[PDB]
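Here is how the chains run, residue by residue.
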Amino acid sequence: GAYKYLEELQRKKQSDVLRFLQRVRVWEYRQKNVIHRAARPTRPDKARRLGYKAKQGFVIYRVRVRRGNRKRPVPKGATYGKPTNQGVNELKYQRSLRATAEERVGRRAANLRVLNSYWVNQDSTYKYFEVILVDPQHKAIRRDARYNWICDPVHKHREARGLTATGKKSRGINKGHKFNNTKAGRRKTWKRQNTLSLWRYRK
Amino acid sequence: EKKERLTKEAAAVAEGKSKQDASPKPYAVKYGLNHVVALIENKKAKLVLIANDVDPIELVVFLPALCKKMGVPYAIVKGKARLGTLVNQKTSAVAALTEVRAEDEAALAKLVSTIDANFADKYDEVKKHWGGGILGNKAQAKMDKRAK
Amino acid sequence: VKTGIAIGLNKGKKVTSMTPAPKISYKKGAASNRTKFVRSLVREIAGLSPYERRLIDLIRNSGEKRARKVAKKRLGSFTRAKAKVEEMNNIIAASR
Amino acid sequence: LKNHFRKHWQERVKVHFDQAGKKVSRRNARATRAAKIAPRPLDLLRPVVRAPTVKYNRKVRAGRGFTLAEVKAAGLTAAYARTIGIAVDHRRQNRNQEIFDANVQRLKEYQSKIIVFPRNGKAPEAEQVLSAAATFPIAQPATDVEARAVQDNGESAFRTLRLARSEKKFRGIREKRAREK
Amino acid sequence: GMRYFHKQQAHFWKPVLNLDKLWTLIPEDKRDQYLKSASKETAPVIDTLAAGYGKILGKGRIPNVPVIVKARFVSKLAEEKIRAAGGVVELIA
RNA sequence: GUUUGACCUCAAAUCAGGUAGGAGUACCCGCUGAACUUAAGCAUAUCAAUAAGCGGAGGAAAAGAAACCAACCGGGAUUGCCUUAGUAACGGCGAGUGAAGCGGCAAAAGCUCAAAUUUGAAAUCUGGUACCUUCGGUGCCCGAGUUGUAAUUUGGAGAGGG
RNA sequence: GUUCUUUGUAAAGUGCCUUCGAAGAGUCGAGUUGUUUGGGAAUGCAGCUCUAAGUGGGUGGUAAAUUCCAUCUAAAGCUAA
């Protein structure tokens, strides 16, 4: 197999061959549009392990996202409140750029469902992701029971609701004493324990 | 050909007296990338051809070093469509051959010697010696005139 | 082995024993022949990263202590710096 | 002296008028499940396990599922057990022969008591029992007899505990001393 | 005072049982026969942990009957008072 | 051969067939985000990880079969209730804030990919078309696909050879 | 229940020996900034920079170094009450 070599080689990012390929491909992607259909994955091993299958109804979209912090769009940087808010160019946007890219791509392609995404390249100004999408109207995927679950309607805009891996991470959904405030839903636990339960026969 | 082989197999084996003697031992080229990389590391391959033009070149950058290490005669061929032609695909990105008829054994051996002498023994140094320091013609003229 | 009291070096009530089985999600990450071969070949292809090139110079000039420090800073931790410096020592002792 | 009512608590108030109706619907759901599941119990056989947490290790308690070692020792497989009505837990491990033998005898009793119908046909009527938990209750093991002969040796358990404490406390010092030797 | 991060009140579970009671743990049916039969060759064993008691204390007098007490922890005076009657204290975990 | 073709990439069509938008939004998943008030006045703080604002679904949603809890003689996906507990802890150590393991209970359900040569036979799949017993089946023909579609394997294991 | 079809000598389960046993990277993790939390020499998240390993890695509620131990196996996914 060659996917193993591809994995171990893509791990060596600061070697000469990979930084050359990076320097070329970033220029190519920057000359192309911000969102554009990719004929095939730049990284077949990554796509393969994330759930891509080279058959009809599986789609790859390359997407570009601006880098840096979040700026609040108040006029003239004034917030009109207490001074303790913070400097305005220092806000961080709890959702990741990968999620932003996934959601923009899913908005362009609304008939598709966003399965996953992965980093390909980056610059000072831009980050570059390849997004894997699925067509649930295609019969090859309506059949083929390994992927017929994406066709049910509870998987609409997974990326917008935070069900992809980056979404689960940004929500902080894992098991442990560390993820106690956000394990079943931050707001769910808050609503659960800031709630006065009163029984018929009062305790 | 597969269809006629299958109907002949059903006719000979289901009713007649034989198990796999109907269709003889086949000889053919191996063309899958993973399959060929697995044929290497078992050292069944006598020849490998590697397309020069591949999208993700990282699919094939490791293959020459691997063939060298396992002791295989490799060659880098111009054209993946040229391989797809001989294997009934649009592209193949590799091609291999691990066994032959005796009529072609000698031609294969002579071809491997030719490939070694002309490709590797000529280009064994190429693991060093970077390429790609070329300039445009305008810049070249500028450099020439500034030099002289 | 237990003592049969509520305190001490080995506290707790004595049960007989069992050694149930060795689980297979305990030998995870262990080096296979395929992983060894692939990783050796990929090192032969890709070569060295810049901080590794610095480390091989600094072990020859400056000693292993500066290497451990700068590797602890370029990487995260001392535990990883030790193994990186051991790797570079082996690369040097092999190529030399 | 500390009453947490500075927020808008009046929005988030749950009063359990639905207690009785929920009980009724729960009973009806159990009945419907029984009809749908008719010959079978509604409960899988669970093993016996010893609780953690010194406060509770004295007690034995019902667990999630039997181990694969227990199942193989009983002499049937995990999938067939899951079809037969036995819970299996792949991550529980066996370090106690008492618990092992207890759950093995539990599985043996279950196998002897049940009656399996063939896939093809007959299906003789069997008059369902609803509770394998009641049919195979958990038994607290018996530590010792009621009465016994006294035997005294004169080491006074107080002093024994004190010496255990002291050796635990001064282990490392003596080890470092013998190292310096 | 000092702090304790991740305190959990199961490390500290250690309820106490003075010597005065010590026969409530024996049922009533059995109590009066064991009292009259002050047999050293056959005395009633009392498991305090199963009753839900970690340590034994010595607030008061028991009769001079033998008894086998099984407990994780004891006091010096409790062991003394039981040994006076001629009862051993077996340690458990 | 300054010809004839194959591939790759990018386009066009009132091309064949489908698909998204908007509404509602009690509950649900995220994002963004105040002040009144309470603290003496008040920057920390509290009101509040609230209201308003934005995106997105369903009959439930989310979560979910451990990179868990533990330190026990060890338990054993997730969710909710009783309790843990107004406690450990946080805080101009002030106003105030504030969980979690254990235990009892309700309900109970387990599993799937990538990474492995079918290599003595891409065994896989969409569409078009003719029949049929039409939530689909059989045959035939273009095509997808070896930059990897099927079977087999998922760590509890498992595979190959015997 | 009553026929229609026995599909198949096709798939699956099981014992002993032998050689193996691949397991997810701008990711884990670390530094800093902002935010958040009961989380306290820093609970989670995001932005910028740095960036791994394979008897390895994460966690073990006081920050480090050294020697051990215990327990799970991330960076991919589905699922009723």
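Residues numbered from 1 in each chain as written, not as in the entry; some residues may be left out. Chains lettered and ligands numbered in written order. Part of a larger assembly, values for the part shown. Heavy atoms only, no water.

Per the deposited record, determination of this structure is attributed to cryo-EM, with the resolution reported as 3.0 Å.

Chemist: Can you break down the sheet that holds strand β4 (residues 126-134) of chain A residue by residue, with the values?
Modeler: What holds strands together in a sheet is hydrogen bonding between their backbones, with the strands either parallel or antiparallel. Residues and elements named next belong to chain A. Read across the open sheet, the 4 strands follow the order β1-β2-β4-β3; overall the sheet is antiparallel. Both edges of this open sheet fall to β1 (35-37) and β3 (113-122), since each of them pairs with a single strand only. The sheet shows a mean angle of 25° between the axes of neighbouring strands, taken without regard to direction. Here strand β2 (residues 58-66) pairs with β4 via 9 bridges, running antiparallel. For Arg-62, the partnering residue across the bridge sits in β4 and is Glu-130. Of the strands in this sheet, β2, β3 and β4 touch helix α2 (residues 16-31), which is tilted by about 125° from β3. Lying over the sheet, helix α4 (residues 97-108) contacts β1, β2, β3 and β4, oriented at roughly 125° with respect to β2. (Pairing = 2+ DSSP bridges. Helix = DSSP H or I, 4+ residues; strand = E, 2+ residues; numbered from the N terminus. Axes fitted to C-alpha atoms, helices over the stretch in contact; angles between N-to-C directions. Contact = heavy atoms within 4.5 Å.)

Chemist: Run through the nonpolar core, naming residues and quoting values.
Modeler: Within soluble globular proteins, side chains that are nonpolar generally end up buried alongside one another. One finds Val-36, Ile-40, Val-48, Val-60, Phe-62, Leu-63 and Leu-66 of chain B to be the most contacted residues of the largest nonpolar core, which totals 38 residues. Excluding its chain neighbours within four sequence positions, the residues that come into contact with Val-36 of chain B are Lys-30, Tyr-31, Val-48, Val-94 and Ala-96 of chain B. (Core = buried A, V, L, I, M, F, W, Y, C linked by side-chain atoms within 4.5 Å. Buried < 20%, exposed > 50% of the residue type's maximum accessible area, 1.4 Å probe, protein only.)

Chemist: Before we move on, can you summarise the protein's contact with RNA strand F with the specific residues and values?
Modeler: The local shell around RNA strand F holds 129 residues, among which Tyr-3, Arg-143 and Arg-187 of chain A together with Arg-61 and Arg-91 of chain D are the closest. Backbone atoms, meaning sugar and phosphate, make up 66% of the atoms of RNA strand F lying within 4 Å of the protein. One of the backbone nitrogen or oxygen atoms of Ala-54 of chain A is found 3.3 Å away from a phosphate oxygen of RNA strand F. Contacts to RNA strand F include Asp-89 of chain D, whose side-chain N or O atom sits 2.4 Å from a sugar or linking oxygen. Here the surface near RNA strand F gets 7 residues from one element, more than from any other, and that element is helix α8 (residues 186-193) of chain A. Of the residues assigned to the surface near RNA strand F, the class counts are 34 nonpolar, 37 polar and 58 charged. (Near = heavy atom within 4 Å. Polar contact = N/O pair within 3.5 Å; in protein donor to acceptor, adjacent residues only side chain to side chain. Nonpolar A, V, L, I, M, F, W, Y, C, P; charged D, E, K, R; others polar.)

Chemist: Describe a nonpolar patch on the surface, with residues and values.
Modeler: A contiguous nonpolar surface patch, about 240 Å² in accessible area, is contributed by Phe-5, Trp-9 and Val-13 of chain D. A relative accessible area of 33% means that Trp-9 of chain D is categorised as partly exposed. (Patch = residues over 30% accessible without salt bridge, like charges linked within 9 Å, V, L, I, M, F, W, Y side chains within 5 Å. Areas by Shrake-Rupley, 256 points an atom, 1.4 Å probe, with all protein chains shown as cover. Salt bridge = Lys/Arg side-chain N within 4 Å of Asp/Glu carboxyl O.)

Chemist: Residue-level account of the interface of chain D and chain C, with values.
Modeler: Every contact between the two is made by 13 residues of chain D and, on the other side, 11 residues of chain C. Three residues, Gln-93, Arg-95 and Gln-97 of chain D, lead the burial of chain D against chain C; their summed loss comes to 32% of the area buried on that side. At the boundary of chain D with chain C, the tally comes to 1 residue pair in polar contact. The element that contributes the greatest number of residues to the side of chain D that touches chain C is helix α6 (residues 157-169) of chain D, accounting for 5 residues. Class assignment for the residues of the side of chain D that touches chain C results in 3 nonpolar, 4 polar and 6 charged. (Buried area = accessible area lost by both parts, 1.4 Å probe.)

Chemist: Which residues make up the protein's contact with RNA strand G, and what values go with them?
Modeler: Neighbouring RNA strand G are 62 residues, the closest being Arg-67 and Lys-92 of chain A together with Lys-28, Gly-29 and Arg-74 of chain C. At 2.6 Å from a sugar or linking oxygen of RNA strand G is found a side-chain nitrogen or oxygen belonging to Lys-4 of chain A. Measuring from a base oxygen of RNA strand G, one finds a backbone N or O atom of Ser-25 of chain C at 3.2 Å. For the surface near RNA strand G, the secondary-structure elements that each account for two or more residues are α1 (3-10), α3 (44-50), α4, β3 and α7 (165-171) of chain A together with α1 (33-46) and α4 (78-95) of chain C. Take the surface near RNA strand G: its biggest share by element is 4 residues, from α4 of chain C. Along the lines of polarity and charge, the residues of the surface near RNA strand G split into 14 nonpolar, 20 polar and 28 charged.

Chemist: Can you lay out the pattern of salt bridges for me, pointing to particular residues and giving the numbers?
Modeler: Summed over the entire model, instances satisfying the criterion amount to 28 salt bridges over all chains. Residues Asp-18 of chain D and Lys-14 of chain D are paired through a salt bridge, measuring 3.9 Å at the closest nitrogen-oxygen approach. Using a relative accessible area of 27% as the deciding quantity, one classes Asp-18 of chain D as partly exposed. For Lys-76 of chain E, the salt bridge goes to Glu-80 of chain E, with nearest N and O atoms at 3.3 Å. Taken together, the positions of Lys-76 of chain E and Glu-80 of chain E, both in helix α3 (residues 76-85) and 4 residues apart, correspond to about one turn of that helix. What emerges from the salt-bridge pattern is a single network uniting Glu-7, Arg-11, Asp-45 and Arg-49 of chain A.

Chemist: Residues and numbers for the environment of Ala-38 of chain B, please.
Modeler: Residues and elements named next belong to chain B. Within the secondary structure, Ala-38 is located in helix α2 (residues 33-39). Under the relative-accessibility criterion, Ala-38 is labelled partly exposed at 31%. Taking the C-alpha atoms as reference points, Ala-38 and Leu-97, separated by 59 residues in sequence, lie 13 Å from one another.

Chemist: Now, about the packing of aromatic side chains: what can you tell me, with residues and values included?
Modeler: Two aromatic rings, taken as a pair, are described by how far apart their centres are and by the angle between their planes. What the rule picks out here adds up to 10 aromatic pairs over all chains. Centre to centre, the rings of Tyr-4 of chain E and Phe-12 of chain E are 6.1 Å apart; their planes meet at 65°, and the pair counts as edge-to-face. Taken together, the ring pairs connect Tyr-29, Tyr-126 and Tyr-128 of chain A into an aromatic cluster. Above the ring of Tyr-27 of chain B, the side-chain terminus of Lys-25 of chain B is found at 4.6 Å from the ring centroid. Sitting over the face of the ring of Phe-12 of chain E, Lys-7 of chain E holds its NZ or CZ atom 5.1 Å from the ring centroid. (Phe/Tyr/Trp six-rings, centres within 6.5 Å; stacked < 30°, edge-to-face > 60°. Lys NZ or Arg CZ within 6 Å of the ring centre and 35° of its normal.)

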